[PDB]
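Notes to accompany the following structure.
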Amino acid sequence: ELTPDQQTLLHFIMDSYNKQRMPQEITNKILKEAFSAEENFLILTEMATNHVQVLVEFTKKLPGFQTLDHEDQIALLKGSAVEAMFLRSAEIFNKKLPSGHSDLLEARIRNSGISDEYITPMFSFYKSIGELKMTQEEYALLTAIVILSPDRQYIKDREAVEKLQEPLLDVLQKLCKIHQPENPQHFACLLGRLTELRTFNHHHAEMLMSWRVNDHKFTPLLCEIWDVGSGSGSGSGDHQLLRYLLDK
Ligand SMILES: Nc1ccc(Cl)cc1N1CCN(C(=O)[C@]23C[C@H]4C[C@H](C[C@H](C4)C2)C3)CC1
């Protein structure tokens, strides 16, 4: 059972996590669009861009996130985007889409000019995440914990970040007791898939280097948050788009 303050915190998180969905225009493209590598790749690009917009809105409302330095805010956004995208896509693929949407979406991902050395880890992770059979609250807390990670590059005040991250980890452990009482190692399997999740930072960096992927013009938002051509760092002047979205 949760403390009053853990319950307040959990309700803040859930209210922000739920204000976030995939737009019907994007969902309909999975059926509507022609089936070619170029059009499949552009659907994935539109999903990634929407993922990032949603991630930014969620991030802004994490309790205490607004009390960090603007440059550290940028550094948490940049550092967590890839992991938060793969965690959210796993939720979508396992829990939100009808089975027909999920089957077709997978076919389009497998036929978008991305090499199979990046695809199969993605889907192996999706299956490994799905067998844990997580509730919405576990996805929401795990995403908050990924975002408020005191280990990202360019954070000036890591103690401020760890102090926000520590109460979310307590809540998560209790939630695993409450919703998975049969399995007392559930919490450890969750954090174990955090380890698998971080491997996608390197997979993704490799993917952006691929010659297929560079035959392509990313969206404004993806170029900024993934440093596609940009410079790396968290300087305020170097991320006007992110600052704009952060300031609402
Ligand atoms: N966004 C989403 C929602 C549901 C499901 Cl089943 C899968 C996904 N993707 C998995 C994560 N992704 C990517 O890594 C991408 C990585 C690079 C740059 C973008 C275009 C593609 C090449 C695929 C984003 C987007 C598609």
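Residue numbering restarts at 1 in every chain; chains get A, B, ... in the order shown in the structure tokens, and ligands count up from 1 in that same order.
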Sort by chain and increasing residue number a table of all residues of chain A within 6 Å of ligand 1, each with its closest pair of atoms and their distance in Å to one decimal, counting only C-alpha atoms and all ligand atoms, and write it as a Markdown table.
```
| residue | atom | partner | partner_atom_place_in_ligand_line | distance |
| --- | --- | --- | --- | --- |
| A:41 | CA | ligand 1 | 20 (C) | 5.9 |
| A:44 | CA | ligand 1 | 26 (C) | 4.4 |
| A:45 | CA | ligand 1 | 20 (C) | 4.4 |
| A:47 | CA | ligand 1 | 1 (N) | 4.6 |
| A:48 | CA | ligand 1 | 1 (N) | 4.7 |
| A:86 | CA | ligand 1 | 11 (C) | 5.8 |
| A:89 | CA | ligand 1 | 3 (C) | 4.1 |
| A:92 | CA | ligand 1 | 4 (C) | 5.5 |
| A:93 | CA | ligand 1 | 6 (Cl) | 4.3 |
```
Resulting file, chosen residues, N, CA, C and O atoms, as a compact mmCIF listing (two decimals), in the first residue's frame:
```
# COMPACT_ATOMS: atom_id res chain seq x y z
N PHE A 41 8.96 4.10 -44.64
CA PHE A 41 9.91 4.85 -43.83
C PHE A 41 9.32 6.18 -43.38
O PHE A 41 9.58 6.63 -42.25
N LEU A 44 6.96 5.71 -40.35
CA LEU A 44 7.78 5.58 -39.15
C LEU A 44 8.33 6.92 -38.70
O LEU A 44 8.42 7.20 -37.50
N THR A 45 8.72 7.76 -39.66
CA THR A 45 9.20 9.09 -39.33
C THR A 45 8.09 9.92 -38.68
O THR A 45 8.31 10.60 -37.68
N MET A 47 5.52 8.75 -36.98
CA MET A 47 5.30 8.20 -35.64
C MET A 47 6.39 8.66 -34.67
O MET A 47 6.09 9.07 -33.55
N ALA A 48 7.66 8.60 -35.09
CA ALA A 48 8.75 9.05 -34.22
C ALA A 48 8.57 10.52 -33.83
O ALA A 48 8.69 10.87 -32.66
N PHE A 86 11.55 3.96 -27.54
CA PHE A 86 11.40 2.51 -27.66
C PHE A 86 10.49 1.95 -26.58
O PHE A 86 9.77 0.97 -26.83
N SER A 89 6.94 2.88 -27.88
CA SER A 89 6.53 2.05 -29.02
C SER A 89 6.22 0.64 -28.57
O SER A 89 5.31 0.00 -29.10
N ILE A 92 2.66 0.69 -27.19
CA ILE A 92 1.74 0.77 -28.31
C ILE A 92 1.60 -0.59 -28.97
O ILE A 92 0.50 -1.16 -29.05
N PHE A 93 2.73 -1.16 -29.38
CA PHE A 93 2.74 -2.41 -30.12
C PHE A 93 2.12 -3.55 -29.31
O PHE A 93 1.45 -4.42 -29.87
```
DSSP on the backbone, then: every residue of region 30-177 of chain A marked alpha helix (DSSP H), written as a PyMOL selection string. chain A and resi 30-32+37-61+70-91+99-109+116-130+136-147+158-177
Quick one: residues within 9 Å of residue 185 (chain A), only C-alpha atoms counted, chain neighbours fewer than 4 positions away excluded, as a PyMOL selection string? chain A and resi 176+189-190
Write the residues of the preceding selection, restricted to N, CA, C and O atoms, as a PDB file, in the first residue's frame.
```pdb
ATOM      1  N   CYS A 176       4.863  -2.948  -8.268  1.00  0.00           N
ATOM      2  CA  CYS A 176       5.147  -4.342  -8.617  1.00  0.00           C
ATOM      3  C   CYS A 176       4.626  -5.316  -7.570  1.00  0.00           C
ATOM      4  O   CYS A 176       4.159  -6.402  -7.924  1.00  0.00           O
ATOM      5  N   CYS A 189      13.047  -7.768 -12.847  1.00  0.00           N
ATOM      6  CA  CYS A 189      12.908  -7.968 -14.288  1.00  0.00           C
ATOM      7  C   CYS A 189      12.590  -6.664 -15.008  1.00  0.00           C
ATOM      8  O   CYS A 189      13.045  -6.459 -16.139  1.00  0.00           O
ATOM      9  N   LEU A 190      11.800  -5.780 -14.391  1.00  0.00           N
ATOM     10  CA  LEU A 190      11.565  -4.465 -14.987  1.00  0.00           C
ATOM     11  C   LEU A 190      12.876  -3.710 -15.156  1.00  0.00           C
ATOM     12  O   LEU A 190      13.222  -3.289 -16.265  1.00  0.00           O
TER      13      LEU A 190
END
```
Could you pull the residues within 10 Å of residue 158 (chain A), counting only C-alpha atoms, minus those fewer than 5 positions along the same chain, as a ChimeraX atom specification? /A:72,148-152,163
Mind checking which residues fall within 9 Å of residue 175 (chain A), counting only C-alpha atoms, ignoring those fewer than 4 positions away in the same chain, and posting them as a list in words?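 Counting only C-alpha atoms, the residues come to residues 1, 2, 137, 138, 170, 171, 179, 180 and 187 of chain A.
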Selection near region 225-234 of chain A, 12 Å with only C-alpha atoms, sequence-local residues under 2 positions removed, as an MDAnalysis selection string: chainID A and resid 48:49 51:53 55:56 69:83 85 152:156 201 204:209 213:214 216:223 236:243 245
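Distance annotation: of A:16, A:6, A:135, A:143, the residue with the minimal separation from residue 96 (chain A) is A:135; atom set is only C-alpha atoms.
Closest approach to residue 40 (chain A) from the set A:111, A:210, A:20, A:94 is made by A:111, with distances taken over only C-alpha atoms.
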CA of residue 246 (chain A) and CA of residue 199 (chain A) are how many Å apart? 26.9 Å
So how many Å separate CA of residue 126 (chain A) and CA of residue 91 (chain A), to one decimal? 8.3 Å
